[PDB]
Amino acid sequence: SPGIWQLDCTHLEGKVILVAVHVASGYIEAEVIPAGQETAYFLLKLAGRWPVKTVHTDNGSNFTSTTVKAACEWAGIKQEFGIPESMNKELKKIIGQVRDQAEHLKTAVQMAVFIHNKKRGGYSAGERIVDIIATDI
Amino acid sequence: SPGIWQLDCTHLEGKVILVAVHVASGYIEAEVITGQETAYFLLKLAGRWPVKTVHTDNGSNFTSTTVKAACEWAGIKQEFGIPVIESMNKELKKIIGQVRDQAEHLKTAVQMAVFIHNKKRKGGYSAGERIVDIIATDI
Ligand SMILES: Cc1ccc2oc(C#Cc3cccc(CNCCN4CCN(Cc5cccc(C#Cc6oc7ccc(C)cc7c6CC(=O)O)c5)CC4)c3)c(CC(=O)O)c2c1
């Protein structure tokens with residue numbers, strides 16, 4: 001799954017966290033969003049950094065946004081319904097383990113992303129996605 | 001070596017664009033932005049790439065308490081002086097110029113310019129492929 005991703009939302013402290021998972025590696029990026037333009041922005045930034053070819057979502061929210069459709073078209077990203085899981089739950093453990101170390105939840109979110117991608121034994125999620133993309137190239 | 005980065009500022013439209021360059025590849029990340037803002041940008045970068053040394057060539061970043069709690073937290077060394085980013089800024093700005101009317105917010109135009117810069121080929125890999133080849137090789 002070189003450029004296959006999936007995009008979910010989770011919630012903490014009355015806020016929305018947008019979570020992209022690189023399916024084959026477990027690598028993740030996340031960001032605190034309001035609910036539209038900011039998902040399109042998130043997607044464009046992801047696509048500039050990694051190969052992003054197919055993004056799966058499991059509801060209709062993302063199919064009803066003209067800015068998200070514009071970003072998909074601009075960057076060549078194909079939006080796909082249906083799931084190609086527990087990191088919303090694994091991410092939230094880590095956020096909690098670290099929440100007291102930052103004022104802003106969003107900082108705690110990015111701390112948890114860091115720990116998730118860097119840990120793990122053999123290869124970590126961050127090393128996997130790079131291994132997966134290196135071989136492919 | 002794979003974890004060397006250069007950090008600088010540039011400006012368009014009354015706004016500040018923070019730019020990180022992966023020195024060995026030319027790969028770039030940017031954002032419109034300070035103190036906490038740069039700390040956040042750094043923490044996110046380091047979560048995604050190996051970030052071991054960040055070079056800057058001015059004093060601003062050495063005066064931010066938050067920037068450097070982030071340095072400590074993520075294990076990033078902040079050195080003064082350059083080990084590419086100013087001709088980079090002139091490139092980033094040309095591309096921003098070509099797309100500026102394709103988005104409402106400068107933030108978006110900036111990120112489209114990042115995408116183009118990282119995805120295009122100088123045949124022979126793009127910046128995005130080189131930073132990955134460089135990091136793959138290292139393991
Ligand atoms: C075709 C196409 C394609 C793509 C497109 O996209 C868009 C579109 C959009 C659109 C709109 C609005 C907004 C947006 C972006 N919004 C997100 C931008 N970010 C900026 C910065 N902000 C971060 C922040 C803020 C405040 C404080 C901190 C902090 C901190 C901190 O870090 C730490 C690290 C370590 C430690 C120890 C400590 C710390 C600490 C301190 C502590 O916490 O203790 C960080 C967050 C937000 C985007 C369009 C539409 C168009 O344009 O046409 C479009 C079209």
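Lettering follows sequence order; numbering is per chain, from 1. Values reported hereafter were calculated over all heavy atoms of this structure, with side chains retained and with hydrogens, waters and symmetry mates removed.
There is no contact between B/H117 and chain A, counting heavy-atom distances below 4.5 Å. Contacts between B/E29 and chain A at a heavy-atom distance below 4.5 Å involve the side chain alone, from C-beta outward. Neither the backbone nor the side chain of A/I129 comes within contact range of chain B; no heavy atom of the residue lies under 4.5 Å from a heavy atom of that chain. Contact of B/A74 with chain A is made through backbone and side chain together, with heavy-atom distances under 4.5 Å. Heavy atoms closer than 4.5 Å to chain A are found in the side chain of B/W73, but not in its backbone.
The shortest side-chain heavy-atom distance between A/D131 and B/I139 does not fall under the 4.5 Å cut-off.
Chosen from B/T137, B/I28, B/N118, B/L43, the residue pairing most often with chain A at heavy-atom distances under 4.5 Å is B/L43. For the options B/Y40, B/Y27, B/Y125, heavy-atom pairs under 4.5 Å to chain A are most numerous at B/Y40. Interface remark: of the candidates A/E103, A/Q101, A/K106, A/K106 forms the most heavy-atom pairs closer than 4.5 Å to chain B. Taking chain B as the reference chain and counting heavy-atom pairs below 4.5 Å, the highest number among A/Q37, A/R49, A/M111, A/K45 is found for A/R49. The most heavy-atom pairs under 4.5 Å with chain A, out of B/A46, B/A69, B/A39, come from B/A46.
The environment of NZ in A/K93 is sparse: at most 12 heavy-atom neighbours from other residues, nucleotides or ligands sit within 6.0 Å. Within a 6.0 Å sphere centred on NZ of B/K122, other residues, nucleotides and ligands contribute more than 12 heavy atoms. Annotation for A/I83: atom CD1 counts as buried by contact number, over 12 foreign heavy atoms lying within 6.0 Å. The local environment of CD in A/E73 is sparse, with at most 12 non-hydrogen atoms from other residues, nucleotides or ligands closer than 6.0 Å. Heavy-atom contacts from other residues, nucleotides or ligands closer than 6.0 Å to NZ of A/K53 number 12 or fewer. The 12-atom threshold is not exceeded at NZ of B/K77, counting heavy atoms of other residues, nucleotides or ligands nearer than 6.0 Å.
Both B/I135 and A/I133 are assigned to one and the same hydrophobic cluster, defined by single-linkage of ILVMFWY side chains at heavy-atom distances under 4.5 Å. Linking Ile, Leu, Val, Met, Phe, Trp and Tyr whenever their side-chain heavy atoms come within less than 4.5 Å leaves A/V113 and A/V52 in two separate clusters. Tracing side-chain contacts under 4.5 Å through hydrophobic residues (I, L, V, M, F, W, Y), one never reaches B/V67 starting from B/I17; they form parts of separate clusters.
The line from CD of A/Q110 to CG of B/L42 is 12.0 Å long, rounded to the nearest 0.5 Å.
Nearest heavy atoms, B/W49 versus A/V130: CZ3-CG2, 4.5 Å.
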